[PDB]
Amino acid sequence: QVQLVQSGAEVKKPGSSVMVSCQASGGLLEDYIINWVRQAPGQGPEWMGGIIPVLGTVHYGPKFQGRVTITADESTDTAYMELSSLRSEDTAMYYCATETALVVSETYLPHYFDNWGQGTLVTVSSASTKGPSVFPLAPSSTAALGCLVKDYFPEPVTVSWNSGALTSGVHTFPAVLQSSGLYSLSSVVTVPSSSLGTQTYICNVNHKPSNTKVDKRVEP
Amino acid sequence: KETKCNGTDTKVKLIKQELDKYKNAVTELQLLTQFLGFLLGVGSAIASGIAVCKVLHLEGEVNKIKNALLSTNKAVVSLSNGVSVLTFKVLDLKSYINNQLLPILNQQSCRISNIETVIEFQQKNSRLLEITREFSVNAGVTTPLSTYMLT
Amino acid sequence: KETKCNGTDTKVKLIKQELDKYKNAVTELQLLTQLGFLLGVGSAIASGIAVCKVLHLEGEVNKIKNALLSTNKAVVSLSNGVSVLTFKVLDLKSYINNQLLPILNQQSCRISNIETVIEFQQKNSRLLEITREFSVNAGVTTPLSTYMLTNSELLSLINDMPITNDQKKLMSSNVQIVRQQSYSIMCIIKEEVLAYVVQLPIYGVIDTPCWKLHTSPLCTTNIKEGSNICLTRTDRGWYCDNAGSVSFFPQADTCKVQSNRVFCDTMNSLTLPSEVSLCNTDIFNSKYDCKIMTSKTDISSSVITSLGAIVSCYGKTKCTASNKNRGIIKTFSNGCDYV
Amino acid sequence: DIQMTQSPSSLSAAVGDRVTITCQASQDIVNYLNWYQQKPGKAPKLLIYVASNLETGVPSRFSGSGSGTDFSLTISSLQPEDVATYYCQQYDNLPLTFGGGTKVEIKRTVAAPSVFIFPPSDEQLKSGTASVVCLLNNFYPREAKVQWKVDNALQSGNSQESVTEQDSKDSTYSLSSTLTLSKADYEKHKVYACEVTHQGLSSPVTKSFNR
Amino acid sequence: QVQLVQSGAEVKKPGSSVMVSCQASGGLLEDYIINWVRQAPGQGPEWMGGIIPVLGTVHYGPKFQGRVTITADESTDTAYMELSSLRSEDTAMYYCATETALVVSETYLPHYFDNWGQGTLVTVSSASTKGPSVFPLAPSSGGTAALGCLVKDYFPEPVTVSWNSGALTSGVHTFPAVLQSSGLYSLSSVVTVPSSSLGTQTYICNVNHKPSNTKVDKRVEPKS
Amino acid sequence: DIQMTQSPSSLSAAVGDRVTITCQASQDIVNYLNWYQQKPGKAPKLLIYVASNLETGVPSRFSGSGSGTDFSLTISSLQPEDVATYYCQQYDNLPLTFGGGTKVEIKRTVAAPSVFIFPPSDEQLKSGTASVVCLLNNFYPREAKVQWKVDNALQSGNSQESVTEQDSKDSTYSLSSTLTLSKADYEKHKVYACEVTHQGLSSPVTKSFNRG
């Protein structure tokens, strides 16, 4: 019932250091075991470490000791994770996951993750952040319509139909990496052909990493 | 450290009192730790045990005991004086509480869906409490040797 | 009156049987509720029996019940002569009347939720344990068990005794000895109330000098095998200063030692003049007649003291003191010696 | 480290079947094992903790069993919203380690794709690039083929396709193909078509347009 | 599975006394705690008292002690409640409610009500009992028509109504009674029905005003 | 006596909503608190006993919590048939007392009323009185207005309206209005109409009739 809010996705230069934050709402950081999990594309999750604020003890997975720093700011109920010396291996979705710590004994260890953050995709590359262009996919002679979101970096881009009002029938395809290096992705929705003139369909494209929010109107 | 169960239910009240009885036994025992015939010479029955107790109280001596019984349940430990004693870990309640019970409790804010957990805990907790009770009524020295002391 | 539930199904048979164990323990209690030789004899529970006897008078229990209705601790005026602290620890009435039986009655003894019955058997547990102990000791138990009086109850009861904080602190720091010198007297279960009298010790004399005297037989060591004479001090035991006199405990195991504190019971003691200490320094002193025994029983023996060992070595016996790391260090000649 | 072995790596089962997944430990972990569910792009969700305890709000069809070194996760009636990757996880000692994962997919009846074609936008042509999109919507099975046809010449290797994961409510797939060409080469030809073959169509369906 | 059947609703004069009965079927009165609860219009329920025949104990609410008598006739398994010196404040629906008393200790008290009677509406008033008149509300000329019957001029409440001996229930709306300016209660019962069954189907409203011994079966259909 | 305070007094929630009801006691009653459901005109039905135990046959969406002086009743997925008034009740000591009650209503999409008018029967006219009935069937929300119109003159204050409770299966209301007049005045005019306004109709719907 507590919501874990991680920082937004971003692109960091190789070798630099990145910090991911995780904000708890509805409880104190002391009331939980705070873990940090990452998942590279096409890999499983890997335990990096965890913090136990009630005991003031941190434990690290061997692979990450000495270049990962996890902190818990209880004055603000904000947890942090600092990873230094970025390389190709670190491109991954980073998760903030908790284990509830009501009855805590000494020598308590992390065991599981019952509450997760939304995940933070850290992309390590030198390619500059770039916002996408959106192009209509008009319906014509059940009909289908959509919009084309082209040329963005890095991932991800999100899309909602009618600010989330139209949800039945939406299909957002996984992004494909183009030869240019930039990503592209599509979102199509099927709808009765009789509503092509009476209903308005707008796709809300947001790329927060570049702070570019663009809403392109589409109609037959 | 602390029982912070805020939600009250018949199940929560059951584990909390069961947890409190364990939390009480540890503290309770911790408190305890700080014709003819007339010609028969008088002895000190537990002078041997008292001597062994006194060595275990020495600084850094318990760690020697703990670390030897960490991997196995039977070890010979050399105390700082010179004496080797047989040591025996009978109950490991630590590894039970930390990895099976405490995680179950924390998940739903003390609401245990399977009453079996409290029954298992009270059964797992029974041997400790019974040993405490014998010591609690006999001034830390029991005789004869009960089956709860040593099966 | 009677659990009028039919006993067959597996759910009913456990709660119904649990109810019967409660009702039988209750019924059981109503059935039940109807040197050294120079010492003086006492009545250990004369104090407790006196209080219990008051509760049997008609309508006397009612005064107790009415006072413990609002709080769990009250001072009650009994009709006869004594004001006593009374304590309601477990409230089985309101559980049986307003939480269990309604749950039971509503579903015709099908207790669908197992959680209720487990809570009951734990709530019912202390009564059966107290009942069980009283059932094995003829209504008078010693030492005072943890089912009779928990440490939480005992320390709180310790705080209310009419003694100094120094006396209070001693009892709370050595609660284990307190239990061993206490009694529990079961006496009345009538008019929906069960009550027993707990009798705790009161330590009125604290921190006075106290010493232990060890003695062992002393015989001559002459060459003739059967011609020997023996002598033994008989004044062995504990001696504590008390009221300008010495409280003497001849029996050895009547006292329990914790560090430097000797917990003793004055009831098994004699009161001696302070000149008794002279027998240690001058056995022939003309001010106190030191107690001794005589014999020709020339037997070797040894006496372990607090900080050593007395050895009475006689005849052809081999007497030796050894070290754990070195073996024998001293061989005793015939006579009485000490190491 | 403790290595967790999840088997099989993938399975296909019909709706309503009883599905079992296995996790093996490299050493005895008593019952200190958890199970998680990860749908595509989403955070993992705790299903089973301490080998057998059901998490609140998790459908009653989930159960966990095992002790020692071998554990199981059981779904008594596989449902469409269960398409996801599942992970086991031990916590006997640190570091915490996970299984390799088991991808569970629903096998249903064969569904034909709805074929739609979209021309490139007028706004995009000015910037110097043109994308022509062809769509196969809500089809089964996974396997399909799209060969482009410009005028009448089959196009090879000038397109990129992306397929959605199995849909969470009806267990079908969707596939989008994008044909990228230059504005100069796009206006070089006239009629564009995408032709689609699949096991659900007797003949391949073609939708075309004139520039 | 045990049904509690109370005596019928009635009107009693102010200052007089009323007796309400409550019949148990399927079990003995000794096996229950029998409670009496009343509910005035626009208020919550109020517990009046309860009797525990297995213990032989009667309990009265403080407001009602000294003018309420509750008895348990074990020969007929009927419980009763007698309230004397009736006045306007007593106009309320009176309910007979039980709690199972299978395994009871002494000083057992009522705790809850799991089995209820149907309720008895006691109306204290000077007016005479009067039966209602029933008048059709015939339909005429989209695809659904409505018809009904009007139950007018009765005293006291309640009046009951069922369609087709209780067969027609989906779509019935029996409105709460309205006290007219002339006095006495009046009530309407309407039901919607497909327009194609107006000629092929029979619709009867079974109106009962038990206080007045009035049973009426009114047929509704268009006229000509 | 122990006073029970139930809050809120009324609530409106959609089907499928999570709804919570609270009950407070004037003194500590442990967990000796029950919950009842009363549909309009029916006897109450026991839902929860001892604060948290579910009655057999009660849908799993109902649950109870609390201890001491504050208790709660929660419906995990509110359904149309839950429209009723709920009461908590203590039994710590006598007299047994109830809360003030909480009436639960369903909020649903607005529905237009079907408007039907009935003339007084030929059977009733013989008795010397004429009642003209107007009907609003299965509409939402509660608030509506009906003004009678005989010929074209609006009649004011010579009628009485009665409203049913919210229907248990679709959460709509129905309303009957009765216009009572003497036999002499009924045969004084010819065309009778009732005009109805509501949020479900774009224009107010009027139904009238001709004598015959």
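All chains are identified by letter, namely A, B, C, D, E and F, in their written order; residue positions are counted from 1 within each chain.
By definition in this document, contacts are C-beta pairs under 8 Å (C-beta built on N, C-alpha and C of every residue); 3 or more make two chains touch, one makes a residue touch a chain.
Each chain gets a centre from the mean of its Cα atoms; the one farthest from the centre of chain C is D.
Across C-E and B-C, the chain pair carrying more C-beta contacts is B-C. Chain centres here are Cα means. That of chain B falls 64 Å from that of chain F. With centres taken as mean Cα positions, chain D sits 54 Å from chain B. For this pair, chain A with chain D, the centres built from the Cα atoms lie 19 Å apart.
Contacts with at least two other chains are made by residues 32, 49, 55, 91 of chain F. In chain B, the residues touching two or more other chains are 10, 99, 103, 107. Along chain A, residues 109, 111-112, 114 each make contact with two or more other chains. Note for the complex: chain A touches chain B at residues 54, 99-109, 111-112, 114.
Listed in rising order, the residues of chain E touching chain F in the complex are 44-47, 59, 61-63, 95, 109-114, 116-119, 133, 135-140, 144-148, 150, 152, 173-178, 180, 186-188, 190, 192, 223.
Listed in rising order, the residues of chain B touching chain F in the complex are 7-10.
The part of chain B that touches chain C in the complex is made up of residues 10-11, 13-14, 17, 24, 28, 31-32, 34, 39-44, 47, 82-83, 115, 118-119, 133, 136-137, 139-140. Listed in rising order, the residues of chain C touching chain E in the complex are 1-5, 19, 96-98, 101-102, 104-106, 108-109, 192.
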